[PDB]
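Heads up: the structure comes next, in structure tokens.
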Amino acid sequence: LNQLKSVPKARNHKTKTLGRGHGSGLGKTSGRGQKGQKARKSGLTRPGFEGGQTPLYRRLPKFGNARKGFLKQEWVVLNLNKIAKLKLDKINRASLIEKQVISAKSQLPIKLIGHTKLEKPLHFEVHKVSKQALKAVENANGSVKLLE
Amino acid sequence: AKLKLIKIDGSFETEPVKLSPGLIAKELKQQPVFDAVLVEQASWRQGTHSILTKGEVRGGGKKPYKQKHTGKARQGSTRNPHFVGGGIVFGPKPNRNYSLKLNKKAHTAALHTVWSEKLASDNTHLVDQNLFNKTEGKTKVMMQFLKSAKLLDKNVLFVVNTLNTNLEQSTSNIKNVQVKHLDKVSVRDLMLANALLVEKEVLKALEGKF
Amino acid sequence: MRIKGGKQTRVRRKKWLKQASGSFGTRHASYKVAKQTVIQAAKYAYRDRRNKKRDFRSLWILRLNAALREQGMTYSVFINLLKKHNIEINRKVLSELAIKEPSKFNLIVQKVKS
Amino acid sequence: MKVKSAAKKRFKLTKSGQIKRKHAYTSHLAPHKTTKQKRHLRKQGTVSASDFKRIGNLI
RNA sequence: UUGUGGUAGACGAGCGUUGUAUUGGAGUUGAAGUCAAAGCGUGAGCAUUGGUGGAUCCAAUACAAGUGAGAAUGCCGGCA
RNA sequence: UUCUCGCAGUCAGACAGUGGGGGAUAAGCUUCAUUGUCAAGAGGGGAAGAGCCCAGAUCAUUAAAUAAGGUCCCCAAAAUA
RNA sequence: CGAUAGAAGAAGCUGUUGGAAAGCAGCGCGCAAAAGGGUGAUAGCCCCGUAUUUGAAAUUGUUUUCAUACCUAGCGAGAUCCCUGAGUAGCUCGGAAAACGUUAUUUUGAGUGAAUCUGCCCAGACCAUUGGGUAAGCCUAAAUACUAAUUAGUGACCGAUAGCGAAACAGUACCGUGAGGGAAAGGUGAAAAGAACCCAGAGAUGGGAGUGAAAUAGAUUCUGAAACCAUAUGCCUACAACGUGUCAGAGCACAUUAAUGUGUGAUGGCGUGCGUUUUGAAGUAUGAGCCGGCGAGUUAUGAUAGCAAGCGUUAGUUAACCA
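Protein chains in written order, with UniProt numbering: chain A, 3 to 150; chain B, 2 to 211; chain C, 1 to 114; chain D, 1 to 59.
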């Protein structure tokens, strides 16, 4: 593709321009309707307006939240189905970077989730074991140590 | 497509040098090269094109018109896009940049494909360090070498990896030559030149990135 | 970057005034009037295309009936002598053209008599 | 271009969207419901598809 | 086979167009451009020739469009 | 025509027939439903004639059948009892 | 090390179109400069020049190195010794900021008002444990915006109804007392070689004879279109109610963007303008004198969707910053 013969693969779809004639598409009609508020100058009104209709968001109670001023601490989770094609006995923080698992700035405790059994003998360390996950890793002839 | 080394005179030698596999690709793709030259060709702007809009033109707003007892329009403003006051709502800005970006893997695929195409285009004869030496500062000998093989079809872009005083003195006063560095490349330059020269060593160096 | 092209408008004006010809007063001299008169001329052409068929059909009917009344027959009666007898593909315009041929309509009227 | 806090305080979001709203007759008056109506109007509810995009794209 | 009426509207086919870079060319032994003709186009257009002007533009793939004028009781300018 | 999706246009309607409500079977009148018209779609006809009748126009044609309907002249069309 | 004067600094001829060359053709030649422009069309080698290359009399600045004031500076033993930045911290009526709408935290307009090192305050009210440090004294280079201002340079920067109101003797003339508002601008011709001689005409002015390569190169000015005002060539052309029209067309004049040719039109048929916004206009609803110039759907941060592409099983992807 040289500048005298350069061609794309499949591109150059139709573009929109309305101020260049009627027969060229959407002339003075412009597709903006007729005799309207949004049709006039400074149309495209802000979100959160219905044209005088009574909205429901202020006519509806608010959901419950028993945690105000506090946030749920993030925890790293090694999904059993995803960890099926991974192998590292005695998981430690300083090695999951190579496997694109853990983050550089992280102190998140590990949590084990999932009954989807894996396919290798692996010994694993986690702060929490789920009972179904515990059974699944028991069927995987491996071992698991409960951390903090 | 083995390439034979050439001398400073234009005659070939007894060693057809094997081509490193770090340039030959598997499938040819026209879209990555297209958007690479798209992003590279642009950005000639220097903020030069700038206009004053209706809120940017200088003037003291006033109403010399009175709507009643007059024939012309009310038009309480005088600096309009359709009057002599001036100021168009649409025009060039010194802040537009038209952001474009290219990924890493797509860039690697595009560079490998264009290296395959340019190496197999057979518009090149391999050069070595031996002809780099014994080189005069004259651009006349460079033209003698160029016209000995008469590369008069397209502009020729040499790729170099080491710097020599003869290189900086010469290859500077000819309309049909250009020189760049191994990593100082862009697919726009390759497709624009359509003719190039390559040294022996850079094949192995480029093999690494593949 | 400012776009040129202050001449293409005049090129279009000249092209469209080339369509107009033979206009009286400021109708072949004003381009705004020229556009409207070209549109009306094209519509008149369309009208002629839709009209001349019926116009000439009635013209042939009248011109042929003018001859037919001289022989003592009306157009309505004249069609019957060809509808059931003297099976032909002759046309009303064809009969009108044959009127221009002397002593040939006589052949036709003695043919239906036979 | 923000997330409308004043409007998002009245709904919940689940997997693959599925915005969830509450049930009325809970704030100022409800001496007008049956035990069936009281327990089912304490439960949750869904929304309509008439404004589905216009609420999903906004919130 | 339906066809081919069509407002708003959805929608397809595109063109002209200025500048960018090639790719090239033409060019006081003629150029952009003016005027005309009794041409080529479904169209957004293209012309050829002649006068006219005595120095610049075009042709084909792409690029971005201050881009394409019927009126805006439009403004400017000239003429009424 | 049913499902999703993007973009929507109307959002101040008028007209014919009927059943109407209102009015006063006075209203090409206001307001409801229905068969159609338009707003969205030309033409032919009747004195001119958008909404009455016949209706549904890719185009060229100086071909055929003809639709309602008409046939003394304008203008195409015939007479007999 | 610069800046405010400088300087060295490669390379072409012949014929031709030609009024003139620079263009073309033949052979070249240099190149560290075939960067850019002018040079009587359309020049790498004709110049301006340039790359490269060095220079400061005198002044100023950026630092480097050297000699060199000034002061800069911890570890052990005691001691309920002293000190550790008082209207201080606080408390009340409240503001101001803090994302805050007075609430952690800071300050005070009006008041009261301690303490010590085991002290205080704080850890978005508050106490207790735990933990921080001991304000209420003071200067502080570092990254800071902008170019009014300068150099060097650049432009998918506007090009004379554009670019700055102002290419120009622009904020100018001028208007309003006055604050304020606020026009008009380019290009002769290669070199004026700027129209000498004569004629008419009072003069002005014009026209012939000239120069000038070209006098569509004559001062009006690079060229020089339509509206507008006349003119003559072919025809129609003063009893006919025409958005001056359409289709045919006698008859006449022609002879081509050379073609079943063009031009006019005695005459027969046909024959309620346009954008607008409305239930809907021929519209007597508005608006338009014409011509020409100009004249109004965008950018930034993004998201979503369609399409396309990369990668795609432990994915993709970098922001900033840096070469």
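Every residue, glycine too, gets a C-beta built ideally from N, C-alpha and C.
For chain D, the residues of the segment 43-64 of chain A that bring a beta carbon within less than 7 Å of one of its beta carbons are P49, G50, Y59, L62, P63 and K64, in chain order.
Taking a Cβ-Cβ cut-off of 9 Å, the neighbours of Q32(B) in chain A comprise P10, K11, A12 and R13, given in sequence order.
By alpha-carbon distance to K111(C), the top candidate from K92(C), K100(C) and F78(C) is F78(C). The three-state reading of DSSP puts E101(C) in coil, since its state is none of H, G, I, E or B. In the pairwise beta carbon analysis, the segment 102-111 of chain B is classified as not touching the segment 58-78 of chain B: fewer than three pairs are separated by under 8 Å. Taken in chain order, the members of the segment 21-51 of chain D whose beta-carbon sits within less than 9 Å of a beta-carbon on chain A are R21, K22, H23, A24, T26 and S27.
Residue environment: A66(C) is assigned as exposed (fewer than 16 neighbouring CB atoms within 10 Å of its CB, all protein chains considered). Neighbours of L58(D) in chain A, taken as residues whose beta carbon is under 7 Å from its own, are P49 in chain order. If you look at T109(B), you'll find it in the alpha helix (DSSP H) that goes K106 to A121. No Cβ of chain A is located within less than 7 Å of the beta carbon of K53(D).
Here the segment 27-39 of chain B lies against the segment 111-123 of chain B, with 3 or more beta-carbon pairs under 8 Å apart.
Contact annotation, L127(B) with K5(B): C-beta distance approximately 7 Å; criterion of less than 8 Å satisfied.
Per DSSP, reduced to three states, the secondary structure at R49(C) is helical.
Taking C-alpha positions only, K87(A) is separated from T14(D) by approximately 29 Å. Under the criterion of beta carbons closer than 8 Å, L3(A) and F35(B) qualify as touching, at roughly 6 Å. Rounded to the nearest angstrom, the gap between the Cα atoms of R57(C) and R49(C) is 13 Å. Residues of the segment 161-193 of chain B whose Cβ lies closer than 8 Å to any Cβ of chain A, in chain order: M192 and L193.
A residue is called buried when at least 16 other Cβ atoms come within 10 angstroms of its Cβ; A37(B) meets this threshold and is buried. With a threshold of 7 Å between beta carbons, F35(B) makes contact with chain A. Below 8 Å, enough C-beta pairs join the segment 151-160 of chain B and the segment 195-210 of chain B to call them touching: three or more. The secondary-structure analysis by DSSP pairs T26(D) with nothing; it has no beta-bridge partner. Only exposed fits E100(A), as fewer than 16 other CB atoms lie within 10 angstroms of its CB.
Residue state for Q75(A) is assigned as coil, using DSSP reduced to three classes.
The closest CA to that of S21(B), considering only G88(B), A121(B), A150(B) and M143(B), is found on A121(B). Under DSSP, the beta-bridge partners assigned to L148(A) are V128(A). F159(B): member of the beta strand (DSSP E) spanning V157 to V161, first to last residue.
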